[PDB]
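Student: Mind having a look at this structure? Questions to follow.
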Amino acid sequence: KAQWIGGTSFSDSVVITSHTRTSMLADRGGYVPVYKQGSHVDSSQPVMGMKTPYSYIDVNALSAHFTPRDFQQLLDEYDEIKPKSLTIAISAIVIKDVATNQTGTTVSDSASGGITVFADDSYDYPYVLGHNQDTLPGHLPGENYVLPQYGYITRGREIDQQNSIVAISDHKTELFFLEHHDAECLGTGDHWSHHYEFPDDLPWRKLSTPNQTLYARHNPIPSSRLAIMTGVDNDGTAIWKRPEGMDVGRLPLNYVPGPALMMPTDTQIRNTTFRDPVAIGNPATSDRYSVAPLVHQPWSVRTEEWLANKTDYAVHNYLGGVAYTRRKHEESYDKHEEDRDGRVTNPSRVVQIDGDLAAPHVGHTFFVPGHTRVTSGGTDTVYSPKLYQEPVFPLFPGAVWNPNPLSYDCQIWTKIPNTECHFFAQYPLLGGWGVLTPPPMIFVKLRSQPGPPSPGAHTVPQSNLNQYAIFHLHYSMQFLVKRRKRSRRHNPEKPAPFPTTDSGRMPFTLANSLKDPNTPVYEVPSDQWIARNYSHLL
Amino acid sequence: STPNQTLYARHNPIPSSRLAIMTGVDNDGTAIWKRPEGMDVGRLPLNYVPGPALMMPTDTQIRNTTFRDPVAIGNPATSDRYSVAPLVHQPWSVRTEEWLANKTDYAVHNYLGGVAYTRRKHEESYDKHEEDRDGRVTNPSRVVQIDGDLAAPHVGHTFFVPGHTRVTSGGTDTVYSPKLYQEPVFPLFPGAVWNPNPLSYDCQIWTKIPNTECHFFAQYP
Amino acid sequence: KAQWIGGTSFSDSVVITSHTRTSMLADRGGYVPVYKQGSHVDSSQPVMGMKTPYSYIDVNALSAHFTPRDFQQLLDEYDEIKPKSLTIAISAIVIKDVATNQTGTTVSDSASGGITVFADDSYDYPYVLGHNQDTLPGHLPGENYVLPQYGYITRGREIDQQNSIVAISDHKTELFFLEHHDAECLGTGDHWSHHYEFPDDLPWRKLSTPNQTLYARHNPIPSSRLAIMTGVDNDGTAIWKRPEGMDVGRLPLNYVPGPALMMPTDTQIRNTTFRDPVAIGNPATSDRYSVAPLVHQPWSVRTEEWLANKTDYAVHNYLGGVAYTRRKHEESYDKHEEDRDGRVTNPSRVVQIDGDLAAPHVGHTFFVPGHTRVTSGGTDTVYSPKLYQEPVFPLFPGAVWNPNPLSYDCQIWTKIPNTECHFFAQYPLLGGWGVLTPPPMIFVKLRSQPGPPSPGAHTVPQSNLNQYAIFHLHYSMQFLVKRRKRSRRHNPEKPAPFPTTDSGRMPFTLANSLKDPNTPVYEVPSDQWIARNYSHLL
Amino acid sequence: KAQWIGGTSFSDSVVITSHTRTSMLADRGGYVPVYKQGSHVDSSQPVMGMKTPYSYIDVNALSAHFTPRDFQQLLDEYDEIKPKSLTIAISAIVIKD
């Protein structure tokens, strides 16, 4: 009994989304390492790497599970979505044989073919899901999903021999043969499904924007009963000032904002580019590795211009911010690999509208007193210290922040690195939900059929029979949700902005022709859809 | 057991990322984006940052002058201080294999603020040698990690060479030239991952968490 | 229900190792004898031989069952491994048809094909397993295992007619048609498994090195209470000497070493080579047959040089020693058959570190008294007898020795020849475990499909349809093991040396490129891994 | 019943290490304070201190509990050691004059 699965079901409790897509297994070569030496002149760093004949299914995004309309209803009626479960089923396996002839390529069923699939419930192989690498089902059903090959990075002893750093691999090099593991041989007419359930421990990710500025919550009517020290006068007077309720910037507050990198966003107009936005490394010029979204901050802020409420607001993209690259939708001969070093035009930028818990901000202590009169001219040296602008405002004990919202393309989960102690790891900087035990990587490969054996004559094994498998991939995921409790207010509350396409056409639809009749162009919004829809009092 | 993988390289070297990091702005507001390939380990945006780090110099100063104290939170310009020596969980000393033909004796780098167990005298008679004062100790056990660490030894928070930040670029409100790229003490952020120091064979087994109102990760001394 | 089997499981009691490999059955010709006449000028000796259309599976090595890492953990945590069981399962049988055309070779499934497999539980066919002949699964999964053809040697009446000896075969010639025996026809979608259990009588083979020199075990403090006769003085004085405890060489001992051949190892530098190392034969020059590892001794000893503790120790290879030939790992067009007479460069030499129960030794009675004064000048003749150096120190009643350790490539079992009386046969000189009833030879052959029958016209049967079978071969083996009881000692005990590759790269890993980009080179240690890891008091 | 205790026992679950050592109690003086004044020129900082006639037993190290070989096997076969318990017994007290 194979049934095509699809459609979503909303309930008050739970959201159940189901897709099915024809998938393909290319024949992947045998285990091959990919060793790319690093260079200190560039930013390259040595990777030992491995490539595997196996291929896995990466279903991890919201965009995969929620149809755009299903993502719309998600926000309208709900708040606090948390993922509950994930099923994946391979079914309708059919394995073609590609026979290359001078006549031509003739594909024909192989009644004898098979595929071999298994999942890691033991997490015993390098867990490659959740790093936001583009292997996903195309947004369009009817766009075949060709399963990504599986590979994994491993490190050796990494030495700086010269301008170029190389890994000699005399340690810590691992070779995982997935061949050696219990897997389930499948063949035409076999159904393999793997059900999985996220921890109950996952946090509820709010779908709604905080109402109030963090630092302005109080009664504008009364004066405070506290007196902040403004500064000293008349040599030791230490004048005190009692802030009125209205004074929002000046009122002492119980709870500080979360951390901030206070990075420049389009404040540098200079044509020069940062090699890397934020990188914790210990080479003056020798090397580095980025920590890009090092904090939970808007990657890009709307920041409405003021020229008569300019129609196109200036969108500020913070260095270290991240934008989802728009995939090519059934796009033929536009691959345009000739653009190198991965320059990407017009990515989805995840622009927040500055409904943030706290306005975008950059200076830890910004003030203009003049000298601090401790370390005032300089400390013990020529070094002029305790400079007022301090980058990276740090996390203090009393503190409050919200992580990034859920973009429609946001990754759903990721694997909290297996490590002794971790801190707020449940909120990944880059995505939805850190999980200790994630959805297993489901490894699939064509059962290899070798060619005719030689009578021990030339000792070169004939290449495997060229063949490929195509199958339905059922993947259903259940989300726990809570219907929104509307703030009880007398105002109609302006909805989150409906998506906008550069084209001006409706988003997530097939446009007839963009300078072609041939194929329709599926249109995605100019910017990343953000799951934050309605205010809620903080 | 030692962690296998570099923190920042865990992913499939085969695919390109589906994210685009902003590399920098061009042509006055172009804001060029770059999609890192899977292989690019340093350049790939990551969900989980390293733990804190003091980025202290280890044998990079060759100067015969010595630090009175390695790390000390105190509020006297010259009046007083008290050390916080192993202020973070970091290798106290890293092996850091030399490269001269894979030199047989690797240069062991001892981070200031690192700590080494003093070798006790084993039934050692009349070698007490108290005449050496101020507790100068020769050849202590240095707890040298081999740099199998979760993340390689590292020192700069934001290290880059753009030129001016073009916020507080020449200076802030003053002559003070601010937001200097090298920031010491890379701080603990909300998403973060680290491992505490391993268990040396001489490592103390327990300690008493000070009786105090609120403590943070006190279970790992 | 066919499931791919793999992975190992360690327990305190038992080790269970499982592999699965795509296998192939070539079409082997009909029964053909191979008769090679012998020559007395050379060492050749006549063999009647037989070749069979059948093919068998030889799974016998440790390297097959234990993944290198699984062999590592074997030593770290265990001692005394003994083999418990062996399962073999053929499954996922698929039988291609090779159609040769002027167009080209087109393989296509044959829904009608079959294979015919059976096992000898009666040992009624010549048992060919366990002689260390290279038919084994390649170390790399993904290296197809093409089952070896089956053949057997038989002897006739062997006469020296001339310089060349020939077997006339007027006796003792046997013809085994495996066709005539009960076997199980298999076809696409059939599962055939054969479970087997070693005797309980097998000895525990220690994985740990003896601590103490055999001849030095005693209290260094006391003097002995025995007096050895050193020699006679003053014409009949017969001076006696009481050895002190420290004197290890001179102290009389209850238990002698095992046998020894005291063979020269690299002491001959001469370019001349031994035709055969050790051969019990009765032809002055007419003929011989080797007994190569005639005793349990180190085949090769490390024997550390002294030049400032020279980094590369001089490895001494005892004549009659044996070394495992390194197989070519997915190695293409390096077959290099042009090297003839089987000259092999750089085999795995099974080098012991001289942790032996007794140091390497060569002289039975070595002494320099001068004449024995029995048979002193000569015996009854010119022959000068009872020469002090006696080769082949013999096994005496009180005696103690250890057999060779278990190399990672060591064969697991062998069949004790069916014979009236045998002596210590349970320890094969060359390998792991002699067994009375070994794992059955599992004979497999393609079910033969003849070509179109002629209308009795040319009376030459059309060749069989060219076809070959490929299938999964599950082979699981269980080992009984005992966790090590650590010698209770205050010292950390230096581990057995980790493997070393000539390349310097980590052993048992895929190296990217050796002067090629094309395929990775799987790297095996310079010398045979030895299963002896930690000392234990003897 | 006084028995000399020693030796370690490894199990899959738990590691049990035992040592026994002849110990001595010196006669320690009465309560004495040690007051060392601090100096800003140096790094010295004032400590009031106290010294007690009492003496305590500090058993706290891994090296104390794990014999080097017992520490070796610890690593070879195990991971994730956490301390479970600690017993201390004074016995065979004999007091010289």
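A note on labels: chains of the structure tokens are A, B, ... as shown, every chain counts residues from 1, and ligands are counted from 1 in their shown order.
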Would you give me, as a PyMOL selection string, the residues of chain C that come within 8 Å of chain D, using only C-alpha atoms?

Tutor: chain C and resi 76-77+488-493

Student: Give me, as a PDB file with C-alpha atoms, in the first residue's frame, all polymer residues having an atom no more than 10 Å from residue A:372, counting only C-alpha atoms and skipping those fewer than 6 positions away in the same chain.

Tutor:
ATOM      1  CA  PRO A 385      42.491  53.576  27.530  1.00  0.00           C
ATOM      2  CA  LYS A 386      38.880  52.853  28.488  1.00  0.00           C
ATOM      3  CA  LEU A 387      37.727  54.398  25.235  1.00  0.00           C
ATOM      4  CA  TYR A 388      34.046  55.240  25.463  1.00  0.00           C
TER       5      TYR A 388
END

Student: List as a ChimeraX atom specification the protein and nucleic acid residues near residue D:92, meaning an atom at most 10 Å away when only C-alpha atoms are counted, but skip any in the same chain fewer than 6 places from it.

Tutor: /D:1-4,22

Student: Can you check which residues of stretch 253-432 of chain A DSSP gives as strand (DSSP E) on the backbone and send them as a PyMOL selection string?

Tutor: chain A and resi 256-257+300-301+316-317+322-324+343-344+351-352+399-400+413-415+421-423

Student: Let me see the file: selected residues, N, CA and C atoms, as a PDB file, in the first residue's frame.

Tutor:
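The file below, again_2.pdb, is the result:
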ATOM      1  N   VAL A 256      18.636  44.615  31.250  1.00  0.00           N
ATOM      2  CA  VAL A 256      19.431  45.217  30.191  1.00  0.00           C
ATOM      3  C   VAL A 256      19.138  44.492  28.885  1.00  0.00           C
ATOM      4  N   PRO A 257      19.453  45.068  27.739  1.00  0.00           N
ATOM      5  CA  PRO A 257      19.313  44.335  26.486  1.00  0.00           C
ATOM      6  C   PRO A 257      20.275  43.165  26.437  1.00  0.00           C
ATOM      7  N   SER A 300      19.501  42.359   9.049  1.00  0.00           N
ATOM      8  CA  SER A 300      19.242  43.561   8.291  1.00  0.00           C
ATOM      9  C   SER A 300      18.014  44.254   8.857  1.00  0.00           C
ATOM     10  N   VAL A 301      18.104  45.568   9.001  1.00  0.00           N
ATOM     11  CA  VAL A 301      17.035  46.360   9.587  1.00  0.00           C
ATOM     12  C   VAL A 301      16.427  47.233   8.508  1.00  0.00           C
ATOM     13  N   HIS A 316      19.388  48.485   5.752  1.00  0.00           N
ATOM     14  CA  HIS A 316      20.744  48.446   6.273  1.00  0.00           C
ATOM     15  C   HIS A 316      21.105  47.012   6.603  1.00  0.00           C
ATOM     16  N   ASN A 317      22.184  46.527   6.003  1.00  0.00           N
ATOM     17  CA  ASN A 317      22.627  45.152   6.156  1.00  0.00           C
ATOM     18  C   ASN A 317      23.854  45.137   7.048  1.00  0.00           C
ATOM     19  N   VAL A 322      23.420  37.742   7.432  1.00  0.00           N
ATOM     20  CA  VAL A 322      23.332  36.604   6.535  1.00  0.00           C
ATOM     21  C   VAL A 322      22.042  36.719   5.747  1.00  0.00           C
ATOM     22  N   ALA A 323      22.085  36.313   4.489  1.00  0.00           N
ATOM     23  CA  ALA A 323      20.934  36.380   3.613  1.00  0.00           C
ATOM     24  C   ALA A 323      20.821  35.073   2.857  1.00  0.00           C
ATOM     25  N   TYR A 324      19.603  34.583   2.709  1.00  0.00           N
ATOM     26  CA  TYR A 324      19.395  33.334   2.003  1.00  0.00           C
ATOM     27  C   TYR A 324      19.496  33.554   0.504  1.00  0.00           C
ATOM     28  N   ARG A 343      29.850  35.325  -5.765  1.00  0.00           N
ATOM     29  CA  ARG A 343      29.139  36.594  -5.722  1.00  0.00           C
ATOM     30  C   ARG A 343      27.674  36.326  -6.024  1.00  0.00           C
ATOM     31  N   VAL A 344      26.796  36.771  -5.136  1.00  0.00           N
ATOM     32  CA  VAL A 344      25.369  36.524  -5.255  1.00  0.00           C
ATOM     33  C   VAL A 344      24.662  37.862  -5.301  1.00  0.00           C
ATOM     34  N   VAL A 351      14.824  41.040   6.377  1.00  0.00           N
ATOM     35  CA  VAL A 351      14.826  42.412   6.868  1.00  0.00           C
ATOM     36  C   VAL A 351      13.804  42.536   7.986  1.00  0.00           C
ATOM     37  N   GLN A 352      14.266  42.839   9.188  1.00  0.00           N
ATOM     38  CA  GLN A 352      13.337  43.189  10.244  1.00  0.00           C
ATOM     39  C   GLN A 352      12.938  44.654  10.147  1.00  0.00           C
ATOM     40  N   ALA A 399      19.590  40.238  32.103  1.00  0.00           N
ATOM     41  CA  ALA A 399      19.569  40.578  30.691  1.00  0.00           C
ATOM     42  C   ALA A 399      18.387  39.910  30.033  1.00  0.00           C
ATOM     43  N   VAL A 400      17.948  40.484  28.929  1.00  0.00           N
ATOM     44  CA  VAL A 400      16.779  40.015  28.210  1.00  0.00           C
ATOM     45  C   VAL A 400      16.999  40.241  26.728  1.00  0.00           C
ATOM     46  N   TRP A 413      16.107  22.732  12.348  1.00  0.00           N
ATOM     47  CA  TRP A 413      16.855  22.283  13.503  1.00  0.00           C
ATOM     48  C   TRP A 413      18.336  22.399  13.229  1.00  0.00           C
ATOM     49  N   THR A 414      19.117  22.078  14.247  1.00  0.00           N
ATOM     50  CA  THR A 414      20.534  21.842  14.093  1.00  0.00           C
ATOM     51  C   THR A 414      20.992  21.035  15.287  1.00  0.00           C
ATOM     52  N   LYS A 415      22.156  20.431  15.159  1.00  0.00           N
ATOM     53  CA  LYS A 415      22.674  19.564  16.200  1.00  0.00           C
ATOM     54  C   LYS A 415      23.560  20.373  17.123  1.00  0.00           C
ATOM     55  N   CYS A 421      30.073  21.539  28.065  1.00  0.00           N
ATOM     56  CA  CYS A 421      29.121  22.538  28.514  1.00  0.00           C
ATOM     57  C   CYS A 421      28.842  23.521  27.391  1.00  0.00           C
ATOM     58  N   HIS A 422      27.563  23.836  27.223  1.00  0.00           N
ATOM     59  CA  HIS A 422      27.097  24.757  26.205  1.00  0.00           C
ATOM     60  C   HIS A 422      26.182  25.767  26.862  1.00  0.00           C
ATOM     61  N   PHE A 423      26.001  26.899  26.200  1.00  0.00           N
ATOM     62  CA  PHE A 423      25.293  28.035  26.769  1.00  0.00           C
ATOM     63  C   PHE A 423      24.249  28.487  25.768  1.00  0.00           C
TER      64      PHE A 423
END

Student: To one decimal in Å, tell me the separation between atom CA of residue A:449 and atom CA of residue A:25.

Tutor: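 Interatomic distance, atom CA of residue A:449 to atom CA of residue A:25: 14.3 Å.
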
Student: List every residue of chain D that has an atom at most 9 Å from any atom of chain B, and for each one report the closest atom pair and its distance in Å to one decimal, counting only C-alpha atoms, with rows sorted by chain and then by increasing residue number, as a tab-separated table.

Tutor:
residue	atom	partner	partner_atom	distance
D:39	CA	B:80	CA	8.4
D:40	CA	B:79	CA	4.9
D:41	CA	B:79	CA	7.2
D:42	CA	B:80	CA	8.3
D:43	CA	B:80	CA	6.3
D:44	CA	B:80	CA	8.2
D:45	CA	B:80	CA	7.8
D:59	CA	B:205	CA	9.0
D:60	CA	B:205	CA	5.5
D:61	CA	B:204	CA	4.1
D:62	CA	B:202	CA	5.5
D:63	CA	B:202	CA	5.0
D:64	CA	B:202	CA	8.1
D:66	CA	B:201	CA	8.2
D:68	CA	B:201	CA	8.1
D:71	CA	B:201	CA	7.4
D:75	CA	B:1	CA	8.1
D:78	CA	B:1	CA	8.8
D:79	CA	B:1	CA	6.3
D:80	CA	B:1	CA	7.8
D:83	CA	B:205	CA	8.0

Student: Kindly give the distance, in Å, that separates atom CA of residue A:123 and atom CA of residue A:151, rounded to a single decimal.

Tutor: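 Value for the atom CA of residue A:123-atom CA of residue A:151 distance: 14.8 Å.
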
Student: With 6 Å as the cut-off and only C-alpha atoms counted, what is the closest atom pair between each nearby residue of chain C and chain A? Distances in Å to one decimal, ordered by chain and number, as CSV.

Tutor:
residue,atom,partner,partner_atom,distance
C:3,CA,A:184,CA,4.6
C:4,CA,A:183,CA,4.9
C:5,CA,A:182,CA,4.8
C:6,CA,A:181,CA,4.2
C:7,CA,A:181,CA,4.7
C:26,CA,A:453,CA,5.9
C:332,CA,A:460,CA,5.4
C:505,CA,A:170,CA,5.7
C:506,CA,A:170,CA,5.5
C:512,CA,A:33,CA,5.6

Student: I need the chosen residues saved as an mmCIF file, in the first residue's frame, with C-alpha atoms.

Tutor:
data_model
loop_
_atom_site.group_PDB
_atom_site.id
_atom_site.type_symbol
_atom_site.label_atom_id
_atom_site.label_comp_id
_atom_site.auth_asym_id
_atom_site.auth_seq_id
_atom_site.Cartn_x
_atom_site.Cartn_y
_atom_site.Cartn_z
ATOM 1 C CA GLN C 3 18.822 -6.657 5.339
ATOM 2 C CA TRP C 4 22.335 -5.413 4.825
ATOM 3 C CA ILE C 5 24.357 -6.567 7.804
ATOM 4 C CA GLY C 6 27.353 -4.770 9.191
ATOM 5 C CA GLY C 7 29.020 -3.393 12.237
ATOM 6 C CA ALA C 26 32.354 -15.580 -12.882
ATOM 7 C CA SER C 332 44.325 -0.283 -11.558
ATOM 8 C CA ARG C 505 50.320 8.769 6.738
ATOM 9 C CA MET C 506 47.886 7.233 9.213
ATOM 10 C CA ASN C 512 44.073 11.367 -1.508
#

Student: Select, from B:58, B:104, B:65, B:139, the residue with the minimum atom-to-atom distance to chain C, counting only C-alpha atoms.

Tutor: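 Distance minimum relative to chain C lands on B:104.
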
Student: What lies within 7 Å of residue B:109 using only C-alpha atoms, ignoring chain neighbours under 5 positions off, as a PyMOL selection string?

Tutor: chain B and resi 58-59+93-96

Student: Which residues of chain B come within 6 Å of chain A, and what is each one's closest atom pair and distance in Å (one decimal), counting only C-alpha atoms, sorted by chain and residue number, as a tab-separated table?

Tutor:
residue	atom	partner	partner_atom	distance
B:11	CA	A:128	CA	4.7
B:12	CA	A:151	CA	5.0
B:15	CA	A:133	CA	6.0
B:16	CA	A:133	CA	5.7
B:17	CA	A:133	CA	3.7
B:18	CA	A:134	CA	4.4
B:19	CA	A:324	CA	4.4
B:20	CA	A:323	CA	4.9
B:21	CA	A:322	CA	4.7
B:22	CA	A:319	CA	5.9
B:23	CA	A:274	CA	5.6
B:24	CA	A:273	CA	4.1
B:25	CA	A:273	CA	5.9
B:26	CA	A:271	CA	4.2
B:27	CA	A:271	CA	5.6
B:28	CA	A:269	CA	5.0
B:33	CA	A:344	CA	5.3
B:34	CA	A:343	CA	4.5
B:35	CA	A:342	CA	4.8
B:42	CA	A:289	CA	3.7
B:43	CA	A:290	CA	5.4
B:45	CA	A:292	CA	5.0
B:47	CA	A:429	CA	4.9
B:154	CA	A:282	CA	4.0
B:155	CA	A:282	CA	3.7
B:156	CA	A:281	CA	5.2
B:157	CA	A:280	CA	4.5
B:158	CA	A:279	CA	5.1
B:162	CA	A:274	CA	5.6
B:166	CA	A:268	CA	5.0
B:178	CA	A:387	CA	6.0
B:179	CA	A:391	CA	5.8
B:190	CA	A:424	CA	5.3
B:191	CA	A:425	CA	5.1
B:192	CA	A:423	CA	5.3
B:193	CA	A:422	CA	4.5
B:195	CA	A:420	CA	5.1

Student: With C-alpha atoms retained, write the just-selected residues as an mmCIF file, in the first residue's frame.

Tutor:
data_model
loop_
_atom_site.group_PDB
_atom_site.id
_atom_site.type_symbol
_atom_site.label_atom_id
_atom_site.label_comp_id
_atom_site.auth_asym_id
_atom_site.auth_seq_id
_atom_site.Cartn_x
_atom_site.Cartn_y
_atom_site.Cartn_z
ATOM 1 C CA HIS B 11 29.249 20.225 7.218
ATOM 2 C CA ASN B 12 29.185 18.625 3.872
ATOM 3 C CA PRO B 15 27.361 21.488 -1.353
ATOM 4 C CA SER B 16 27.508 25.235 -1.440
ATOM 5 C CA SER B 17 25.796 26.984 1.428
ATOM 6 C CA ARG B 18 22.285 28.312 0.993
ATOM 7 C CA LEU B 19 23.245 31.437 2.935
ATOM 8 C CA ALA B 20 25.032 34.532 1.676
ATOM 9 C CA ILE B 21 27.351 36.355 4.021
ATOM 10 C CA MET B 22 27.793 40.061 3.460
ATOM 11 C CA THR B 23 31.429 40.461 2.546
ATOM 12 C CA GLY B 24 31.338 44.240 2.294
ATOM 13 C CA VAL B 25 29.814 47.156 0.476
ATOM 14 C CA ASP B 26 30.854 48.182 -3.027
ATOM 15 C CA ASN B 27 30.001 50.885 -5.574
ATOM 16 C CA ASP B 28 28.488 52.977 -2.773
ATOM 17 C CA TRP B 33 27.041 39.143 -0.988
ATOM 18 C CA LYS B 34 29.069 35.957 -1.226
ATOM 19 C CA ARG B 35 27.818 32.403 -1.000
ATOM 20 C CA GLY B 42 36.766 29.804 7.862
ATOM 21 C CA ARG B 43 34.175 31.687 5.869
ATOM 22 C CA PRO B 45 28.503 31.190 8.957
ATOM 23 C CA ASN B 47 25.295 28.381 14.499
ATOM 24 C CA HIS B 154 43.015 31.800 18.719
ATOM 25 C CA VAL B 155 43.500 35.417 19.711
ATOM 26 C CA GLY B 156 41.698 38.272 18.027
ATOM 27 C CA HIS B 157 37.995 38.840 18.385
ATOM 28 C CA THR B 158 37.618 40.796 15.124
ATOM 29 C CA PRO B 162 39.574 46.958 6.082
ATOM 30 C CA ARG B 166 33.752 54.475 9.132
ATOM 31 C CA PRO B 178 38.146 53.671 19.319
ATOM 32 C CA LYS B 179 36.669 50.262 18.499
ATOM 33 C CA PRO B 190 24.266 33.415 24.054
ATOM 34 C CA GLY B 191 24.856 30.759 21.464
ATOM 35 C CA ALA B 192 28.172 29.291 22.559
ATOM 36 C CA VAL B 193 29.983 26.013 23.041
ATOM 37 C CA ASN B 195 34.807 22.363 26.792
#

Student: Using atom CA of residue A:521 and atom CA of residue A:69 as the two end points, give the distance in Å to one decimal.

Tutor: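 A separation of 18.3 Å between them.
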
Student: Find the spatial neighbours of residue D:31, counting only C-alpha atoms, within a cut-off of 6 Å - ignore same-chain residues fewer than 6 positions away - and output them as JSON, numbers by chain.

Tutor: {"D": [51, 52, 53]}

Student: As a list in words, please: every residue in stretch 6-76 of chain D that DSSP puts in alpha helix (DSSP H).

Tutor: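 These are the residues in question: residues 62, 63, 64, 65, 68, 69, 70, 71, 72, 73, 74, 75 and 76 of chain D.
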
Student: Write the residues of the selection above to a file with C-alpha atoms, as a PDB file, in the first residue's frame.

Tutor:
ATOM      1  CA  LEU D  62      43.273  12.254  41.016  1.00  0.00           C
ATOM      2  CA  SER D  63      46.895  11.243  41.461  1.00  0.00           C
ATOM      3  CA  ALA D  64      46.102  10.207  45.005  1.00  0.00           C
ATOM      4  CA  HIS D  65      43.297   7.871  44.073  1.00  0.00           C
ATOM      5  CA  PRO D  68      49.319   5.525  37.315  1.00  0.00           C
ATOM      6  CA  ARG D  69      48.463   2.171  35.809  1.00  0.00           C
ATOM      7  CA  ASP D  70      44.959   2.549  37.216  1.00  0.00           C
ATOM      8  CA  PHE D  71      44.831   5.933  35.530  1.00  0.00           C
ATOM      9  CA  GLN D  72      46.026   4.410  32.298  1.00  0.00           C
ATOM     10  CA  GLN D  73      43.309   1.776  32.255  1.00  0.00           C
ATOM     11  CA  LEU D  74      40.902   4.546  33.147  1.00  0.00           C
ATOM     12  CA  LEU D  75      41.484   6.143  29.791  1.00  0.00           C
ATOM     13  CA  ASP D  76      41.946   3.070  27.634  1.00  0.00           C
TER      14      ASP D  76
END
